[PDB]
Structures are given as C-alpha cells and as structure tokens.
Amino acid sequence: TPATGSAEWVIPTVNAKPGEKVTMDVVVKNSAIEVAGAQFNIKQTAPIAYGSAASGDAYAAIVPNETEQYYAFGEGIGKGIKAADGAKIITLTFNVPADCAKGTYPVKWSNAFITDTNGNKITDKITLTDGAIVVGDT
C-alpha cells in the first residue's frame, strides 16, 4: 500500500548581489506524505559557485557527494517521516562571483528517486520545485 498523499520540496528563489555567499534552505511545503528515503542531485547554474551542503531536520541526515552535488537520506530504521511544514530537507551554500552578470541563475533538482517505508517509489507524489539565485548589482 504505497504511501498515499503528497508534499512539495522547494528550492527557494533568492535575491543576491555579486560577491555574496548565499545560503539556500530547501524546504517542505504542504507536507502530507511519509517519506523514508530519497536521493537527488541539486545543481546551480554557472557562474554561481558551490560551497557545501548541510543536513536539514525535515526527514533524515544527508549523505552528500560534494564533488557530484548528489545527495541522499534514509531513515535509520526504515520508518517514513511526515516532515513539519517548512522544515529544511537540506541546506546548500553557494558563492556569487563579483563578475557575475545580472540575471536569473536556476538551482534545480534532477535524478530524484524517493521511497516510502516499504521501498515503493513515491517520486511522482513529491512536487520538486526548482529555485534560483537572482543576481542584481555590485
């Protein structure tokens, strides 16, 4: 009986100046599904540089491949967790070069696979909403 409901996982859209370190909290919205584990890439559009990832407390501890910006979590005893609305799945820091041209630089999900407590794919039940760093001026 695959976990029934849904959630939305949101990479935020933030404003930034050239030269700025940007911390992006990737958060759960309309949380209505028990998630046991997930794996996904999140990648920023150039020339924004990648800093690092840190675990959020929405679901379970993040296991990060920092070279590949490939991330995964799996609840320690295979339970599904219904995260609190707005809770952080993962937190990603980026650095905007001083010579970054004005514009929208997407930060996007890819290669997502999400599982419930019994190993069933629930990726389709999770809306994966891309964000961006919108670069302004200096």
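Note that residue numbering begins at 1 and tracks the sequence as displayed.
Engineer: Please compare 43-51 with 95-103 and say which has the higher mean C-alpha temperature factor in the record.
Structural biologist: Stretch with the greater average CA B-factor: 95-103.
Engineer: Tell me which stretch has the larger mean Cα B-factor in this entry, 110-118 or 16-24.
Structural biologist: Higher mean C-alpha B-factor in the PDB entry: 16-24.
Engineer: What third of the chain, by the recorded C-alpha B-factor, contains residue 35?
Structural biologist: Middle third by C-alpha B-factor.
Engineer: Relative to the other modelled residues in the chain, which third contains the C-alpha temperature factor of residue 78: lowest, middle or highest?
Structural biologist: It belongs to the highest third of the chain when residues are ordered by C-alpha B-factor.
Engineer: Which third of the chain does residue 62 land in by C-alpha B-factor: lowest, middle or highest?
Structural biologist: It belongs to the lowest third of the chain when residues are ordered by C-alpha B-factor.
Engineer: Please place residue 84 in the lowest, middle or highest third of its chain by C-alpha B factor as given in the entry.
Structural biologist: Highest third.
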